[PDB]
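First comes the structure, then the notes that go with it.
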Amino acid sequence: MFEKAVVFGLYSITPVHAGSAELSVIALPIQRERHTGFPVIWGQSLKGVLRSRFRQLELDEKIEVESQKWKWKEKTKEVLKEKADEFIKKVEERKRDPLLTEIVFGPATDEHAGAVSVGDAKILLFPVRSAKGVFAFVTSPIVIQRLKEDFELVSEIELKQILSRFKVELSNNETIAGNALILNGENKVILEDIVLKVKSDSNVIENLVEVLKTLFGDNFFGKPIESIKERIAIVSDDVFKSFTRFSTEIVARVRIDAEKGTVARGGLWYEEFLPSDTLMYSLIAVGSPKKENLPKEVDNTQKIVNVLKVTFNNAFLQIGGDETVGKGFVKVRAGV
Amino acid sequence: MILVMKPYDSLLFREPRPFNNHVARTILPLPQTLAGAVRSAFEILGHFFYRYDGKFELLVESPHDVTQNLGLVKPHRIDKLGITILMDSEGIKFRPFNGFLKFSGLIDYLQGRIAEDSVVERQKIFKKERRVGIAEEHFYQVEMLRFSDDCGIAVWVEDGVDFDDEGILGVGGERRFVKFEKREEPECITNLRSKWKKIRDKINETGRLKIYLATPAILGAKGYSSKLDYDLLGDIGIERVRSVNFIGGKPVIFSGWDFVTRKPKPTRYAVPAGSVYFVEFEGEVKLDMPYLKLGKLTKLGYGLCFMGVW
Amino acid sequence: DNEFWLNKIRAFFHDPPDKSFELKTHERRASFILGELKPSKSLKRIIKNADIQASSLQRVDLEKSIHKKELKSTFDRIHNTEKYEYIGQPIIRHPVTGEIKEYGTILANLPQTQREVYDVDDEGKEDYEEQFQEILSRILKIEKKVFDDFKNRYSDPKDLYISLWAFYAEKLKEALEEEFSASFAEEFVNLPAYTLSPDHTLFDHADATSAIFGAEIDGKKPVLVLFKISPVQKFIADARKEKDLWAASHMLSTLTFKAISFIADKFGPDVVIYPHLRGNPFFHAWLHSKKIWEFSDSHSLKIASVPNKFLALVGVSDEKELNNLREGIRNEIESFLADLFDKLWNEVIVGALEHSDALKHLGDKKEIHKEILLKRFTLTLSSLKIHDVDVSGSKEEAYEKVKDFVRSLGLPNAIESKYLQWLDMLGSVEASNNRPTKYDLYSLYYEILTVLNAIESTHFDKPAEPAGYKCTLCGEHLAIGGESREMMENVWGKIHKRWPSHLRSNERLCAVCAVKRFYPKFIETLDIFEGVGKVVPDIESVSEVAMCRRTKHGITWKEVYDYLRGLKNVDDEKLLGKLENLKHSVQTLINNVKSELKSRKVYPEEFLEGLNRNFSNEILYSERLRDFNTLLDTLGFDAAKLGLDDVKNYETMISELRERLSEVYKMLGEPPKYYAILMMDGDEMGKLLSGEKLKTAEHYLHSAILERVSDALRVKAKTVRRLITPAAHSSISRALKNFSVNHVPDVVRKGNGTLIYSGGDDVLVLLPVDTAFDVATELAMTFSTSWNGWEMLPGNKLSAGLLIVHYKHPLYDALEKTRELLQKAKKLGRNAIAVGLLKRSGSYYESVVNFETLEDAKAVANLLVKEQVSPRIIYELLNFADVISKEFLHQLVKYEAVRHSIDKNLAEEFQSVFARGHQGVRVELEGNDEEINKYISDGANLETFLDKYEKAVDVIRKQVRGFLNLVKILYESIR
Ligand SMILES: Nc1ncnc2c1ncn2[C@@H]1O[C@H](COP(=O)(O)OP(=O)(O)OP(=O)(O)O)[C@@H](O)[C@H]1O
Ligand SMILES: Nc1ncnc2c1ncn2[C@@H]1O[C@H](COP(=O)(O)OP(=O)(O)OP(=O)(O)O)[C@@H](O)[C@H]1O
Ligand SMILES: [Mg+2]
Ligand SMILES: [Zn+2]
């Protein structure tokens, strides 16, 4: 199963608070890993939000396939007939879903299986405060290793071969960074009250931005990728873990009663939010579509992955809770 | 042939308890669970873990023989009281050592010696990860297995079958997927096969045999019990057996949902992996391989046992 | 068998209860106290052999010290001074800690003379000897009267012996209190057996020697058996409501007590060493069942006060008899299980399918269900045959032979050396007749036995269950009627129709889970029970115990909830109007619900009528009363199958009740949503019984004998670890019984909590939140106490796991979390408590701390109780946990206290209490190091050790972070 796979980028426009588990300080700690402690999004939540977006798009009928609009109302009768019109009532009764979502993003609550499995969103660039170069995208060598291991399964052509050259070792008090972050005169850079000596190297950042722009385009989520290169830093594993654990946005919130104009008793709590401008990557595994008299337009796996990439490229979607206060909006750029 | 599967994500293997119970736990991978993965891509010898940190090594479940201080326990019997106890040569009471033992350490282990560098703790191979608020009351908390950065699951299958070499396939509980590749037999199994003759000669000359269960085994004939039937040992060439001393853990209770009959499979009890039997055999062992299958469902990867001397 | 019971009586009463009063003619008083039942010369010799042997191997092998005299430390004080060398007044030493107590009241009642020791014909001894003889005659007369009344009461020798063993101490104590005084009787009962080594009282020695004689009668070889029914934690885990947990624990205790009762009936109540059956409520119930002693409900029987493991010492001629005993225990336990299963099958299962063909369809699986229920538990009876080492040679020859045998064991060096030292010290005495006994290595046998169990319980044998849908609750066994899913659903729907009080229709159970669910309604009509009364407690769900908090108005909402059904009136009259109004609202709601259910005609009318006085308290939660469907689901009915969720006209009284509940909250406060599960275990009981944690022999001998013996014996006793003996083991078990029966239920009831299981060291309770830390430290002190009042106590350390959780969390998840907390507390050292708050939304805290620190945390709660210190001082301090160092911790915390305290005295008090409390906190270092936790637990120059340590900064940071977490958890618990 799962003949093909695709890579989905995710850029956090606004802080994201996905899910909720030690919760030592934050009453609602972010969706976090266990072995490494990096921020992450469970495949279940990403699959849910993607399938909700697909269902809403199917209702709105803006899922143009091969530069041709996809009308599901005629398609369900064409492929099912008999009770298909009655099946339409099930969509009208909200007890089911349109056939495209049922055959791609999993079945309904009640036989079959989804054509795509949504993996976890692994972190790729973490924004941290810098003394110079106001904020910097920091990574870790094992982050690059995970990226390479994940990306060996899709691209392979020459990009996969050249990506194997990424192999670095960093001490707990050393880093490699661009010209913007390194302080003038002194050969050290300060991020989040941590001082690191710059290690002389001019290949790892170049290759990282090279592959990033290679399968994400020159336009790095609405910004020129060249400007990003000057503000890329790679730190040690422990340093990256500490950054991803303690550099998130801890925001204290309260509830005020209009009767007295003060904070309600027991209404103060701290919520942890994943920082904005955070690059994350997810793997979507697509297999052979379920044999249910599928149209020849998406008969093969290549067609369905193509239509998914086309309909989800440069998209905007909300993840996690706190949607009503402008939290969770991210931009997705499918890897072509 | 070894199917090396690196997990891109966490993995889930459902507990026997159902999950309106929102709480859910996780267990180690079961041979019936991994058998479905390979059959979706014949018999399965078993499955171990693999760690590729500079070098590539295979880890089996740590034997219950090994103690915390890496001290082997041997069953010695007192005729004055006529009772056999498992003495560690450093104390009369001991606890099993959790973790994993490498094949390069396993080859020496069957000779009665183990090195500190030949074992790996459980925290350095994988961990347990809890997720809460997954999906007003629909939220359910699920525990999963999070593997290390350079570790995964190796499935040891006899070289009599062939299929696609490399790809991605879905395994486990919830819809996850891992990247699988076909790797040839490493030098560890070759070294074990080469030293099998010497260790078998040692077993024959010493008149003592040790069975090490690297995989869970359903040894029950009519019901399900941990007792070792003498007929099974007699097949390998054991003329007679004097005493049997088995040490293991809590039996693993498991079942499954049979899609063919649309009904759950019968609940089965199996001897937990890592349990070791000590047998004072008579004669010699005629087995030409250092691994044998015991109990039922041996095709799916159950009851893989190694031979050892003491 | 009658002569066997009579000889058991003779062995038990082989020494008078006042033996230590005068050793010159103790045997004459022993013969007189029995009277017509006095033993013959051969029987007396056999009894003395079985007493010198075993009992206390340390005692007899030490009393024969011949250093120019044979020592004697009694109350007589008149002995042959030529070769006796009187010592002093007898004392009593704790068998574990060696704590020394004195008999002040006995000495005060006894005559007092200026001369310490009187010679054979000392001047002025006439009056003192006359008074001594008078008081001794009075004591003998009252003992004879008590024993004569006891013998006249009973005719059967077996019943007479069992009743004597059970109640002779109590009867003698009450008689002496009626004559002399309560204090005199209390001090007299606890008189030591062997005054030279008073590590156990006289009655413990009597029980031990009776067991020894029973194990060595008619040439039967003694054998030490240990029985364990496993697993236990998995069985207790599977639960949905607190009633299910109580039923599981009580059923397990009842099963192990059935095994214990069979053993005691076959041999004797004293043959069991652990648990100490005397004083056990289960034992009293069993005595009532035998019509031996009319049961008195002084101690509540609802508590599962019997552990899952029991140790006994019995005499068997051959291993065939041992196999017969094991088969008999299995037969008794399986007969009880089968009786319960058949009661459930022919009372509940056929109670709903008495006419339907589904009963006929499922009747083919009756044998399968019976087999899977019977074989659910694994029963292991590991027996060790006590070897009879030959001692025919001289003292040196016999000791050499015993040491050679011990060497021939071929054991690990440490235990072999320990037992060699024990034997050598036993051989350091000077006496021709000093010969080692076969029980001198008794502890060793026990140790091996335990190891055997740890292997023998590993085995298992489970039946081949058929194919079908598994049980919903347990999740491991095939559900009853599992051949067809639709058939199973219909059958369980019919069962819920017949039994809607407890079971839910969707809940498709198996044999074991159904038995657990319906056990409370069956125990009151079964053996042991049904004649004792008030066995099932009036608590079913964790909501009740969570609601058992004591508010500021001196009222517990559990009492008012019970008042809603009229069970107990409300004494307070200020809120009487609100109580009456809400009772009327509940009554009219119940009437409407009953009318609707009667219209549906799906449940028996008796259950619907009884729902008025047995309504669920979860409807009292306002959030749970959102709509009619929520009310129906909360009450225990599936509105989807009932179709009653469409009744939209039932919102007026719902809103009125919600408003009235808010009005009640106004001067009452909402029912608290949290409750504390606390489980505690003893610290290294196996090590303590191994003798590793036991003190040297000098700590278990008279205070004025170590200096009046040979130098070799002195140095050997000063540097050899004492080892337990059957008398000492019985004393330890009696102390454990005292702690587990006479103390823990008292503190739990005084703590307004519910104690579920109290067997020996282990304790399990559910408490209201602001009652847990109050009783945890008290129970830790009680367990660590050596001598409380004039009753023995274990005097050991404790590991505790406390989990503060919401009542909506699954029971088994909370149980597993609390067990994991206890395991972590044991992993981070011992004599400690692991506290964890699992808040509703996401929060989860931990703190593994020493007990003495916990009270310190309570102090800062006071500073937060009346806002003497701003709570934010915690949060800010948390921000420093990752940066604080040892040198400037005190000054920084002083700055924070001064900043956040209105008064400088408050700041100074906070600084002092924080500095003291943060010292004791267990840490979980990255490296596998436990020395730091050991230093923390004891209380030492730990500061200097950290100064020498190389990871001091990490240790202190973890300590302060854990202390702050504990403070926050406790403060949130208070509010
Ligand atoms: N009826 C009971 N109610 C509550 N707790 C009990 C009851 N009976 C025993 N326990 C306690 O529960 C625990 C379960 O004992 P158990 O024999 O399972 O030991 P274990 O350490 O969990 O492992 P193992 O099963 O290998 O002995 C023990 O601490 C025991 O004292
Ligand atoms: N007086 C006693 N006599 C015999 N057995 C006892 C006695 N008190 C307790 N036991 C048993 O000893 C066993 C102790 O096992 P447990 O798991 O508590 O280990 P431990 O050696 O006490 O130490 P720890 O629990 O701290 O590791 C239990 O099965 C308990 O029932
Ligand atoms: Mg213990
Ligand atoms: Zn069940």
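Chain lettering (A, B, ...) mirrors the order of the structure tokens, residue numbering begins at 1 for each chain separately, and ligand numbering begins at 1 in order of display.
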
With only C-alpha atoms counted and 9 Å as the cut-off, give the residues of chain B in contact with chain C, each with its shortest interatomic distance in Å and the pair that gives it, as CSV.
```
residue,atom,partner,partner_atom,distance
B:15,CA,C:475,CA,8.6
B:16,CA,C:475,CA,5.7
B:17,CA,C:475,CA,3.8
B:18,CA,C:475,CA,5.9
B:20,CA,C:472,CA,8.9
B:21,CA,C:810,CA,7.7
B:22,CA,C:810,CA,8.5
B:23,CA,C:813,CA,7.2
B:24,CA,C:813,CA,8.9
B:76,CA,C:410,CA,8.9
B:77,CA,C:409,CA,8.9
B:78,CA,C:409,CA,6.3
B:79,CA,C:409,CA,8.8
B:80,CA,C:387,CA,7.3
B:81,CA,C:387,CA,6.6
B:82,CA,C:385,CA,9.0
B:83,CA,C:384,CA,8.3
B:84,CA,C:452,CA,8.5
B:85,CA,C:452,CA,7.0
B:86,CA,C:451,CA,8.6
B:87,CA,C:412,CA,7.3
B:88,CA,C:412,CA,7.5
B:89,CA,C:412,CA,5.1
B:90,CA,C:412,CA,5.3
B:91,CA,C:412,CA,5.3
B:92,CA,C:412,CA,6.7
B:93,CA,C:451,CA,6.6
B:132,CA,C:842,CA,8.1
B:133,CA,C:842,CA,8.9
B:220,CA,C:461,CA,8.3
B:222,CA,C:464,CA,6.9
B:223,CA,C:463,CA,4.3
B:224,CA,C:462,CA,5.0
B:225,CA,C:461,CA,4.1
B:226,CA,C:459,CA,5.6
B:227,CA,C:459,CA,7.2
B:245,CA,C:455,CA,8.7
B:246,CA,C:455,CA,7.8
B:247,CA,C:455,CA,6.3
B:248,CA,C:458,CA,6.4
B:249,CA,C:458,CA,6.2
B:250,CA,C:458,CA,7.0
B:251,CA,C:460,CA,7.8
B:253,CA,C:476,CA,7.1
B:254,CA,C:476,CA,7.6
B:255,CA,C:476,CA,8.4
B:257,CA,C:469,CA,8.7
B:263,CA,C:468,CA,6.1
B:264,CA,C:468,CA,5.3
B:265,CA,C:467,CA,5.2
B:266,CA,C:467,CA,4.0
B:267,CA,C:465,CA,6.1
B:268,CA,C:464,CA,7.2
B:269,CA,C:462,CA,7.2
```

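Among all protein and nucleic acid residues, the ones that lie within 8 Å of ligand 3 when counting only C-alpha atoms and all ligand atoms are residues 681, 682, 683, 684, 685 and 686 of chain C.
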
**OP:** Determine, counting only C-alpha atoms, which protein, DNA and RNA residues have an atom within 6 Å of an atom of range 265-272 of chain A; residues of the same chain fewer than 4 positions away are not included. Present the result as JSON, numbers by chain.
**Re:** {"A": [26, 27, 28, 29, 30, 249, 250, 251, 252, 253, 254, 255]}

Per residue of chain B within 9 Å of chain A, what are the shortest atom pair and its distance in Å to one decimal, counting only C-alpha atoms, with rows by chain and residue number, as a tab-separated table?
```
residue	atom	partner	partner_atom	distance
B:8	CA	A:150	CA	7.2
B:9	CA	A:120	CA	6.5
B:10	CA	A:120	CA	8.8
B:40	CA	A:1	CA	7.4
B:41	CA	A:1	CA	7.6
B:123	CA	A:35	CA	9.0
B:126	CA	A:35	CA	7.5
B:127	CA	A:35	CA	6.3
B:128	CA	A:34	CA	7.3
B:129	CA	A:34	CA	5.5
B:130	CA	A:21	CA	6.8
B:131	CA	A:21	CA	6.9
B:132	CA	A:20	CA	6.2
B:133	CA	A:19	CA	6.3
B:134	CA	A:19	CA	7.1
B:135	CA	A:45	CA	8.0
B:146	CA	A:35	CA	6.6
B:147	CA	A:35	CA	7.4
B:148	CA	A:35	CA	6.7
B:149	CA	A:142	CA	7.8
B:167	CA	A:3	CA	7.4
B:168	CA	A:2	CA	6.1
B:169	CA	A:1	CA	5.5
B:170	CA	A:1	CA	6.9
B:174	CA	A:44	CA	8.8
B:175	CA	A:117	CA	6.2
B:176	CA	A:117	CA	6.7
B:177	CA	A:285	CA	7.8
B:179	CA	A:153	CA	8.1
```

**OP:** Select residues of chain C: the criterion is any atom within 9 Å of an atom of chain A, counting only C-alpha atoms; output as JSON, numbers by chain.
**Re:** {"C": [841, 842, 843, 844, 845, 846, 875, 878, 965]}
